[PDB]
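Positions are given from 1, in the same order as the sequence printed here. Read the numbers this way: they start at 1 and go in the same order the structure lists the ligands and their atoms.
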Amino acid sequence: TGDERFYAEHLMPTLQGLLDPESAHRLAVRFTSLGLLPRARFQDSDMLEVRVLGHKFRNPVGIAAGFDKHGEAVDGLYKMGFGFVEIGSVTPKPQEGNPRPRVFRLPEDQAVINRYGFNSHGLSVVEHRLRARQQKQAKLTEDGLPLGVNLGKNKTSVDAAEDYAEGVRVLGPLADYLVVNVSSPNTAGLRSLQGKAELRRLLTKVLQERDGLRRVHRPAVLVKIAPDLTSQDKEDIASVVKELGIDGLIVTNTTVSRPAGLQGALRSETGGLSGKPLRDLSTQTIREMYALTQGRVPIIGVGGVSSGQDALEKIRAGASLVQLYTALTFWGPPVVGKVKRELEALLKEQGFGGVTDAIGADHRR
Ligand SMILES: Cc1cc2nc3c(=O)[nH]c(=O)nc-3n(C[C@H](O)[C@H](O)[C@H](O)COP(=O)(O)O)c2cc1C
Ligand SMILES: CC(=O)Nc1ccc(-c2ccc(-c3ccccc3)cc2)cc1C(=O)O
Ligand SMILES: CCCCCCCCCC[N+](C)(C)[O-]
Ligand SMILES: O=C(O)c1cc(=O)[nH]c(=O)[nH]1
């Protein structure tokens with residue numbers, strides 16, 4: 001029917017009652033890849049346009065990594081209304097991830113816990129999948145609909161930095177921006193790459209490889225961090241980011257914390273928690289990183305965004321763009337248009353000429 005209320009109150013609840021989360025996810029990717037979606041309707045206004053990372057974004061709402069892990073539904077996602085698409089978290093070689101079940105719903109908390117473990121088709125498969133639509137994407141990007149590629153590492157890799165280096169060389173030429181994901185809570189020792197010494201070495205290699213690509217194929221490089229960092233960790237990341245000239249940060253992957261108050265029966269499953277319970281922890285992390293980097297480093301805010309208010313709070317905290325995933329798993333496609341519509345209304349209501357004017361607003365009051 002293509003209606004917010006119908007999807008949230010009937011279609012989605014029914015779907016989740018018939019299919020486990022991973023099955024619903026696979027089914028969703030299929031329908032999305034085929035463009036079988038409800039009306040978009042919402043028309044992006046000039047107010048939502050953002051210029052950052054060397055690109056124009058029709059609107060600041062993107063689909064976070066993890067929904068389209070292998071780059072199979074990019075075009076369908078733009079059709080859904082996202083201002084930008086970030087694909088997967090691709091590992092050099094293909095790998096299956098953890099055994100099932102590996103993802104769980106916490107309906108009473110509007111949250112999800114996942115421990116997929118980097119299931120990925122691998123760089124080669126994704127490379128050819130993106131090459132098949134490389135020129136179509138070039139036009140989309142020019143039209144204000146950029147593509148991001150999230151890089152991960154193989155479970156059995158003996159050289160983490162080389163895994164990311166490979167990703168930069170293979171998919172960097174096909175992306176507007178690359179994401180060095182060192183914040184997955186489901187890969188042993190991965191988060192330790194967020195440490196100062198280890199991060200500096202890793203990012204120096206990544207940036208060298210990126211700089212070695214032809215200008216037209218030279219993507220911006222961002223680092224995606226966890227919401228569970230100590231104050232010391234954040235200070236160190238900010239320092240390395242400014243020292244190396246990292247282009248941006250994606251703030252907050254899922255959390256390994258289990259906030260008091262979770263009601264879901266599956267709250268104690270191992271994995272990263274996403275959704276509403278993560279929202280403010282992520283917003284506060286965005287706020288801190290913005291201040292530590294003097295507002296000079298673009299931030300993509302993500303974690304628990306399901307409304308215009310959620311989006312604006314992250315923008316005012318310092319995010320230039322935001323992403324969502326879990327909200328889509330509960331409310332369906334209509335949630336994209338809802339967030340954009342509510343965000344536009346709030347911007348006007350609060351006297352902002354547009355999204356750009358609101359970025360980091362809280363720090364100036
Ligand atoms: C099932 C699932 C799979 C995910 N896979 C990835 C991934 O491969 N790479 C990554 O950087 N983040 C991944 N994420 C994290 C999301 O990109 C995002 O940082 C986090 O879920 C917070 O946003 P949300 O509350 O809107 O879901 C995943 C999240 C979920 C729920
Ligand atoms: C862990 C995870 O990714 N879960 C999920 C991921 C996606 C979805 C989904 C998203 C979009 C539709 C859709 C698409 C086209 C037309 C109409 C509806 C359907 C299902 C549901 C879940 C879920 O847990 O239930
Ligand atoms: C992904 C399973 C959820 C089932 C709903 C599929 C909705 C079809 C939307 C109809 N349409 C393409 C015409 O807009
Ligand atoms: O593949 C996964 O398990 C995964 C990766 C990541 O970066 N974040 C997450 O929540 N899950």
Notebook entry, point to check: Same hydrophobic cluster for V168 and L171, using side-chain heavy-atom links shorter than 4.5 Å among ILVMFWY?
Noted result: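 Yes, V168 and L171 fall within the same hydrophobic cluster.
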Note to self: If I apply the N/O under 3.5 Å rule, does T32 come out as touching ligand 2?
What the structure shows: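 N/O-N/O distance under 3.5 Å: no.
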Check: Would one find an N or O of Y7, backbone or side chain, under 3.5 Å from an N or O of ligand 2?
Finding: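 No, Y7 has no N/O under 3.5 Å of an N/O on ligand 2.
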Next item on the list: State the atoms of ligand 3, each with its element, that fall below the 4.0 Å cut-off from a heavy-atom position in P38.
Entry: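 By the 4.0 Å cutoff, the relevant atoms are 14 (O).
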Checklist line | Nearest atoms (heavy-atom pairs only) where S320 meets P60 | finding: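 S320 and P60 have their closest heavy atoms at O-CB, 4.1 Å.
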Among all protein heavy atoms in this structure, tell me which lies nearest to [atom], with the distance rounded to 0.1 Å.
atom                    : result
atom 2 (C) of ligand 3  : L27 CD2, 3.7 Å
atom 12 (C) of ligand 3 : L37 O, 3.5 Å
atom 6 (C) of ligand 3  : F31 CE2, 3.5 Å

Margin query: For the residue pair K276 and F330, would you count it as a cation-pi contact if the rule is NZ or CZ under 6.0 angstrom from the ring centre and within 45 degrees of the ring axis?
Written below: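 Ring-cation test returns no.
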Ligand-side contact atoms (ligand 2) for residue partner [X], heavy atom cut-off under 4.0 Å:
X    : answer
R105 : 23 (C), 24 (O), 25 (O)
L15  : 19 (C), 20 (C)
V103 : 1 (C)

Checklist line | Test item, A327 contacting ligand 1 (heavy atom, 4.0 angstrom) | finding: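 Heavy atoms of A327 never come under 4.0 Å of ligand 1.
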